[PDB]
Amino acid sequence: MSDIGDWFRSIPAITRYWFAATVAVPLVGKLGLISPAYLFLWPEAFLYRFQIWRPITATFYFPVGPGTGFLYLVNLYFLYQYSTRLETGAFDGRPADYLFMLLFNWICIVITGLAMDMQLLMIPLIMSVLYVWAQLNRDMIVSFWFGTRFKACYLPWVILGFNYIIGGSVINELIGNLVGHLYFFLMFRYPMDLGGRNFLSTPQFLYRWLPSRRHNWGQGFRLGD
Amino acid sequence: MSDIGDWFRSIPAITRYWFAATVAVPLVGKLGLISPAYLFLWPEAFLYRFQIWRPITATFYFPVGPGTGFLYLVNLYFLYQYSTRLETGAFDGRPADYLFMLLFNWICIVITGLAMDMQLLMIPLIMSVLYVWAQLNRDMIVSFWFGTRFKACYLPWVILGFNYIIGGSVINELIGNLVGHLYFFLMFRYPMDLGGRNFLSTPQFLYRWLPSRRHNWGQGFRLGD
Amino acid sequence: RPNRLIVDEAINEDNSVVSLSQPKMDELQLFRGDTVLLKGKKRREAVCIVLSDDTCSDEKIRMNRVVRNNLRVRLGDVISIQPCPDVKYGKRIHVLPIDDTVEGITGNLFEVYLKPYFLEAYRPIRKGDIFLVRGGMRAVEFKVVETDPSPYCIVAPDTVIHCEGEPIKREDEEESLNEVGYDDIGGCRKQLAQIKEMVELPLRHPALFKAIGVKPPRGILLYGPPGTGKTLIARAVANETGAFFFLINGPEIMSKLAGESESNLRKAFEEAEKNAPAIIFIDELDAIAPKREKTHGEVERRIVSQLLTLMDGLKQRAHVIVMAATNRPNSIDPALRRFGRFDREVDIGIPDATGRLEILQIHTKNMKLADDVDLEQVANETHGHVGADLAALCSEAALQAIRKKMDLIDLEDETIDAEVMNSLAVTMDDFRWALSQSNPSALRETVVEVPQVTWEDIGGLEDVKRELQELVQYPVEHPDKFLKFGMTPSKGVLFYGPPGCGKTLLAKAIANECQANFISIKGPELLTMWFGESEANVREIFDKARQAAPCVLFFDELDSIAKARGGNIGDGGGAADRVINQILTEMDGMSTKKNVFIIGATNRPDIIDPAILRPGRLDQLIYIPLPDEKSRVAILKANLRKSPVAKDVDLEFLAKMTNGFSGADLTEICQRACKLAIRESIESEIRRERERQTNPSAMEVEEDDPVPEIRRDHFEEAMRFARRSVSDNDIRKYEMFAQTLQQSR
Ligand SMILES: Nc1ncnc2c1ncn2[C@@H]1O[C@H](COP(=O)(O)OP(=O)(O)O)[C@@H](O)[C@H]1O
Ligand SMILES: Nc1ncnc2c1ncn2[C@@H]1O[C@H](COP(=O)(O)OP(=O)(O)O)[C@@H](O)[C@H]1O
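Residues numbered from 1 in each chain as written, not as in the entry; some residues may be left out. Chains lettered and ligands numbered in written order. Part of a larger assembly, values for the part shown. Heavy atoms only, no water.

Method of determination for the deposited model, per the PDB record: cryo-EM, at 3.61 Å resolution.

Structure, rendered in structure tokens:
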């Protein structure tokens, strides 16, 4: 039997594809097929030359090695265990909205990364989406296998404490935990409070190839005459 | 009563010789009688000069040090644990088949190591024999002390993740996986999928040198009355 | 296809015999002893030897456990036979023992096990066969690994048996030839037959019940005294039909903490649900579901209600059968007896003498009891024991017999030798010693069993014998002639006459002749439930009588209540009348479908209450007269059976001179004469032993102990010290009452 096959197929297509890319690109970089020297998101090079490779390659390629793979594995587990929860939580009916949020987060993170001086724009995105998931899923207890429980909506602070002591790059995650709050304000906090600025509007050219879940209805056949 | 004595003696002959060699070579190598430079399977040296010194030692000499001792001991333990079990598993007789499997894997791994720029030819062979043993002994559940009921055909991937996160150079484990899969397909899957004749066959020379053990009768008694 | 047959258990315990029917053997042109080839499921084959049989039908074939396991079949399956009489004599055979049977034996196995087994039998074997051999104290299974010529051969006096090498690993196809089965139960033939039928129906072919559309049973209740082998019966059924026997222990469920008990029980039922046709066994049901008044807490009510709900939640799906074991079938909550729940009850009674003999035969199969013990005597002197007690007795006898050999195995090794086991034998002394310090557990239990007294034990009384034969045998042995033509059989017979004339003997004799169970309620117990206790006991007395129909219920000394009633107490007459009310109330409640016969005996016929003497109750009267004629001579033979001789004291003269005496007096005379003979023999032995202390072995002519040689003088001396128990007034009173009965009514 193909247990791995059905486990992969059960994942939604967008999440499955993105997870597969994020797990396969580092292996490709490590195998020596492409020199990593071209994958570092160079600020000066991207500013001078367009260098279309960098804006996309900085979000996937992780130079994993001894003493640093623990963070890779823990963030991968958090990604896998928390992406589907938000995907089917409130945006299952409108996956286009989820893709638009992902695009906005990617744009913000790449803009800040060009403005700032960090190279790996992956962990901030993961921790920001975890923050927005926790904010949209407050009021519960935090799982802790070898001990007691905790209180919800404190996940971002727990991650901030965890990734600070182990390794570093505190500035990157501090920056990352701003776009999630900004989106929560604009999409959720602003409409009930002011509702004036309505710049957040998903276009239709992606609606055409991304319909809603609908009644599904499977497939049918034309009876004819 | 030397427990090491009869413990060594009860080992199957080819596994006995292989274990003795893989333990004896590193001790003299670290003693200092032979410099490491004499034994690395240098590709360009081998292609240009015949260099009959290094066709075999690439799988026997290992620079053990206080950075890889754990890997060395765990690999040696895996060899001891599963090689004998495969020997008693469906291979109690006809040792020529097992010896031919080993020699074919050695020849192909040496050729491909010449193709790449790899040095130490131990991990792929051990992990590949483990992989083929697990594949032939699939569907059975076994795990470690804390592993409750882990299923088979998953240990190779677990050790892949382990020695990738802890360590590196995943290329040789990957090629070990491929060589194991192709040998399984050729010896087992092909003759039943297509019915073709065995492309690989043990020559009668090995049977002359290593005759397969037949049923032995010992000495008995007459029933009489 | 006149080839296929049906498998059933055999009566002969050899490993190479299968029993056919004579017509089938004749049709298949096979003669006695001809080798055959038997092929079964899973494409497994075996060779065997056929024989003749008595009552096996044409389509049935008998075979023991080993052959059935080798063919990899079960009871009720079918096999295809083939006659293949071209077996070639073998040359060399390799046989190896199994790993988990030879733990700590060592030695040379050939000289102990294989040689006696393979001699003068010419047992055919086939490659891969598995056979079992009984040895010193264990049963060792041997697996044939190869033969020559392959694959059929016959062991001959000129063969090369190789039995060397490491023991081989037990495979995962044969379950085992050591666990329980239908050959490990004795003394429960009828109940085992009932359960076997009732459970073989659903557990074999569920689709037949699905298509037919009937309701299979959903619960079976087994009740009996503890230690009678109920768990063993359930395990045997589950392991023979093929199921997923899943035991649930009552104390284990009650030992949990609060809310997890019902959760555990729920996982139990759902697991047994989704593990194929299975049997759920609940042990000690009364420990978790007692009567409502007994419970005082609240968790007990919750557990009981949870069990009831899960019971009612079974509707078709997989045919899961629930069995439960309880001690006495009244402590169970009455709510657990409605239809759709436990409804069918099977009783597992205490075994009788034959049951005990069979249990002893089963348990001592591995031992090597010497050719001096007599299991019949040990069987028939241990009344009041259950199966567990007999197993413990055998174990203790073996331990005692092996204790007095420590010198031979002084230290030795952690692996005991082999020939020392064959050097061990168990004698009658060891069994008696184990008997002495053993306490049974039944004791105060009503005994139901077929009495062994025959017709020749009773001398005379032809008319009474004929009348009992007419009243009891006819309505039952030819019920057709009674259902045709509307005769209402009598329900009871009342015996009255002089005391000590043999009423109990007549009741036991007719019970034996009718081959029906016998239950005796004697005067002491009857007065025990009279005062002190209550009258609820009569209810289960009658219920037990009903359960084991047909039966001959016997009430002895029915006039004890009136005898105690008339005096200077005048307080308990209410108790006597309650006894009579109970007797009458459950006497009239009996129906004609069941055959329960009530017999009462008394010696004061004019004092009994006239309510009993009425149609619909004990109405016939039979008068047994005071003995006469040389039928007292037959009486004397009856108790002189075992007594050796009488030489020349003509018993006919004694019968002529001893007129007006009852049976008890004559038996007393015989016992007194035997006592005198014993006294004389013992004093002679003591004289001889004190004489031998002076002259050392001075005995030219060899005399053994004086053979029992009762003379006339002993009998005459005993006869001098004799009188007549019954006076002349009682017989005249009885005949006066007889005449009043004849004329007044
Ligand atoms: N034919 C038999 N009848 C009764 N008991 C037997 C028989 N054969 C063996 N036994 C012994 O009786 C025991 C049965 O267990 P038992 O205590 O009766 O179960 P439960 O506790 O459910 O009554 C077994 O240990 C077995 O040794
Ligand atoms: N045909 C017979 N007539 C009279 N007595 C007999 C006869 N056969 C045997 N007996 C003796 O009579 C005794 C039966 O006594 P029993 O009937 O128990 O006393 P009760 O009559 O008070 O119940 C037995 O011990 C038996 O030896």
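Peer 1: Can you explain the nonpolar core? Please cite residues and give values.
Peer 2: Soluble globular proteins tend to bury their nonpolar side chains together. Residues and elements named next belong to chain C. Counting residues in each nonpolar core, the largest one holds 27 residues, and the members touching the most others are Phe-542, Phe-555 and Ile-583. At the level of secondary structure, the elements contributing two or more residues to this core comprise β18 (492-496), β19 (517-521), α19 (537-547), β20 (551-555) and α21 (573-588). Broken down by element, this core gets its largest block of residues, 7 residues, from α21. Among residues more than four places away in sequence, those in contact with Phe-555 are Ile-521, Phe-542, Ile-583, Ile-598, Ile-599, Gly-600 and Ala-601. The next biggest cluster of nonpolar side chains, apart from the first, holds 24 residues, and it includes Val-199, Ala-234, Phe-281 and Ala-325. (Core = buried A, V, L, I, M, F, W, Y, C linked by side-chain atoms within 4.5 Å. Buried < 20%, exposed > 50% of the residue type's maximum accessible area, 1.4 Å probe, protein only. Helix = DSSP H or I, 4+ residues; strand = E, 2+ residues; numbered from the N terminus. Contact = heavy atoms within 4.5 Å.)

Peer 1: Lay out the site of ligand 1 in plain terms, naming residues and giving numbers.
Peer 2: Residues and elements named next belong to chain C. Around ligand 1, the surrounding shell consists of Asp-184, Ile-185, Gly-186, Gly-227, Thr-228, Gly-229, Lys-230, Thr-231, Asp-283, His-363 and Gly-387. One of the side-chain N or O atoms of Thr-231 is found 2.8 Å from an oxygen atom in ligand 1. Burial of ligand 1 by the surrounding chains reaches 72%, relative to a free accessible area of 560 Å². Its residues assigned to classes, the shell around ligand 1 comprises 1 nonpolar, 7 polar and 3 charged. (Near = heavy atom within 4 Å. Polar contact = N/O pair within 3.5 Å; in protein donor to acceptor, adjacent residues only side chain to side chain. Areas by Shrake-Rupley, 256 points an atom, 1.4 Å probe, with all protein chains shown as cover. Nonpolar A, V, L, I, M, F, W, Y, C, P; charged D, E, K, R; others polar.)

Peer 1: Before we move on, could you go through unusual backbone geometry and cite the residues and values that matter?
Peer 2: Residue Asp-148 of chain C is joined to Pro-149 of chain C through a cis peptide bond whose omega torsion reads 0 degrees. Turning to its location among the elements, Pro-149 of chain C is positioned in the loop between β10 (139-146) and β11 (152-154). Each neighbour pair has its own omega, and for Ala-549 of chain C with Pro-550 of chain C the value is 0 degrees, a cis peptide bond. Within the secondary structure, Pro-550 of chain C sits in the loop between α19 and β20. At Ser-169 of chain B, a position not held by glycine, the phi torsion is positive, near 55 degrees. Relative to the assigned elements, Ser-169 of chain B resides in the loop between α7 (155-165) and α8 (170-193). The phi torsion at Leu-461 of chain C lies on the positive side, around 60 degrees, for a residue other than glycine. Relative to the helices and strands, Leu-461 of chain C is located in the loop between α14 (428-436) and α15 (462-477).

Peer 1: Can you explain α19 of chain C? Please cite residues and give values.
Peer 2: Residues that lie three or four places apart on an α-helix share one face, since the helix turns once every 3.6 residues. Residues and elements named next belong to chain C. Regarding α19, the residues found buried are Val-538, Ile-541, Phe-542 and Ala-545. For α19, the angular spread of buried residues about the axis comes to 90 degrees, placing them on one side. Summarising the contacts, the buried residues of α19 are in contact with β19, β20, α21 and β21 (596-602). (Arc of directions from axis to C-beta.)

Peer 1: Explain the site of ligand 2 residue by residue, including any values.
Peer 2: All names here are of chain C. All residues in the neighbourhood of ligand 2 are listed as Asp-457, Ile-458, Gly-459, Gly-500, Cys-501, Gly-502, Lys-503, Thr-504, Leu-505, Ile-635, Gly-663 and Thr-667. Take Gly-500: an N or O atom from its main chain is 3.1 Å from an oxygen atom of ligand 2. Note that an oxygen atom of ligand 2 is positioned 3.4 Å from one of the backbone N or O atoms of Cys-501. Protein burial of ligand 2: of its 580 Å² of free accessible surface, 76% is covered by the chains.

Peer 1: Break down the arrangement of the chains for me, with residues and values.
Peer 2: Out of 2 pairs of chains that touch, the pair holding the most contacts is chains B and C. Kept free of each other, chain A and chain C leave a smallest C-alpha distance of 22 Å between them.

Peer 1: Summarise the sheet that holds strand β17 (residues 344-347) of chain C; cite the residues concerned and give the values.
Peer 2: All names here are of chain C. Read from one edge of the open sheet, 5 strands run β14-β15-β16-β13-β17, paired in parallel fashion. Strand pairing shows two members of the sheet lacking a second neighbour, β14 (246-249) and β17, which therefore form its edges. Across the sheet, the axes of successive neighbouring strands diverge by a mean angle of 20 degrees, strand direction being ignored. As defined by bridge partners, β14 adjoins strand β15 (residues 279-283) across 4 bridges and the pair is classed as parallel. Each bridged residue has a counterpart across the sheet, and for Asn-249 the counterpart in β15 is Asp-283. (Pairing = 2+ DSSP bridges. Axes fitted to C-alpha atoms, helices over the stretch in contact; angles between N-to-C directions.)

Peer 1: So what about the interface of chain B and chain A? Which residues, and what values?
Peer 2: Listed as interface residues are 9 residues of chain B and, on the opposing side, 13 residues of chain A. When the buried surface of chain B facing chain A is broken down by residue, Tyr-154, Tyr-164 and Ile-165 of chain B rank first, second and third, together holding 56% of it. Counting every contact that joins chain B to chain A gives 0 residue pairs in polar contact. Elements with a contribution of two residues or more to the side of chain B that touches chain A: α7 and α8 of chain B. A per-element tally of the side of chain B that touches chain A places α8 of chain B first, with 3 residues. (Buried area = accessible area lost by both parts, 1.4 Å probe.)

Peer 1: Lay out the pairing of β10 of chain C in plain terms, naming residues and giving numbers.
Peer 2: Regular strands have side chains that alternate between both faces of the sheet. Residues and elements named next belong to chain C. The sheet contact formed by strand β7 (residues 92-97) and β10 spans 4 bridges and is antiparallel. Across the sheet, residue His-94 finds its bridge partner in β10, namely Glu-146. Sheet analysis places strand β9 (residues 130-134) next to β10, joined by 5 bridges and oriented antiparallel. Bridging across to β10, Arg-134 finds its partner in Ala-139. Counting the residues between successive antiparallel strands, the hairpin from β9 to β10 contains 4 residues.

Peer 1: Explain the sheet that holds strand β12 (residues 160-162) of chain C to me, using residue names and the numbers behind them.
Peer 2: Ordered in space as β1(B)-β12(C)-β7(C)-β10(C)-β9(C), the 5 strands form an open sheet in which the pairing is mixed. A single partner strand is all that each edge strand has here, and the edge strands are β1 (221-222) of chain B together with β9 of chain C. By the bridge criterion, 3 bridges tie β7 of chain C to β12 of chain C in an arrangement that is parallel. Among the inter-strand pairings, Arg-92 of chain C is bridged to a residue of β12 of chain C, identified as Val-160 of chain C.

Peer 1: Any chance you could break down the interface of chain B and chain C for me, citing the residues and the numbers?
Peer 2: Quite often, the size of an interface is put as the accessible area lost when its parts meet. On the chain C side, the residues contacting the 11 residues of chain B number 16 residues. Approximately 1300 Å² of surface area, both sides summed, lies buried where chain B meets chain C, with 60% of it carried by carbon and sulfur atoms. A per-residue breakdown of the area chain B buries against chain C is headed by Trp-217, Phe-221 and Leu-223 of chain B, which together make up 62% of the total. Our count for the contact surface shared by chain B and chain C stands at 1 salt bridge. As a salt-bridge pair, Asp-158 of chain C and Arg-222 of chain B come within 2.6 Å of each other at their nearest N and O atoms. Our count for the chain B to chain C interface comes out at 7 residue pairs in polar contact. Partitioning the side of chain B that touches chain C into residue classes produces 3 nonpolar, 6 polar and 2 charged. Sheet topology note: the β1 of chain B/β12 of chain C ladder contains 2 bridges and is antiparallel. (Salt bridge = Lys/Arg side-chain N within 4 Å of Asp/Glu carboxyl O.)

Peer 1: An account of helix α12 (residues 387-403) of chain C is needed here, citing residue identities and associated values.
Peer 2: All names here are of chain C. A rise of 1.5 Å per residue sets the reference length of α12, with its 17 residues, at 24 Å; its end C-alpha atoms lie 24 Å apart and thus fit the reference within 8%. Among the residues of α12, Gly-387, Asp-389, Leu-390, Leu-393, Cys-394, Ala-397, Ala-398, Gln-400 and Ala-401 are the ones counted as buried. Lining the buried residues of α12 we find α10 (353-363) and α14. (Expected span 1.5 Å × (residues − 1).)

Peer 1: Please give an account of the UniProt feature "binding site: ATP 1" in chain C that cites residues and values.
Peer 2: All names here are of chain C. UniProt tags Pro-226, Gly-227, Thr-228, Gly-229, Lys-230, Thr-231, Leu-232, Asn-327 and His-363 as "binding site: ATP 1". The greatest C-alpha distance among the residues just named is 24.5 Å, and with 138 residues of sequence between them they are spread in space as well. Its location among the elements puts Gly-227 in the loop between β13 (220-223) and α6 (230-241). What makes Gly-227 partly exposed here is its relative accessible area of 36%. Residue contacts for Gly-227: discarding those within four places in its chain leaves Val-386, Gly-387 and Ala-388. (UniProt positions renumbered as here; feature names shortened; annotations may be inferred.)

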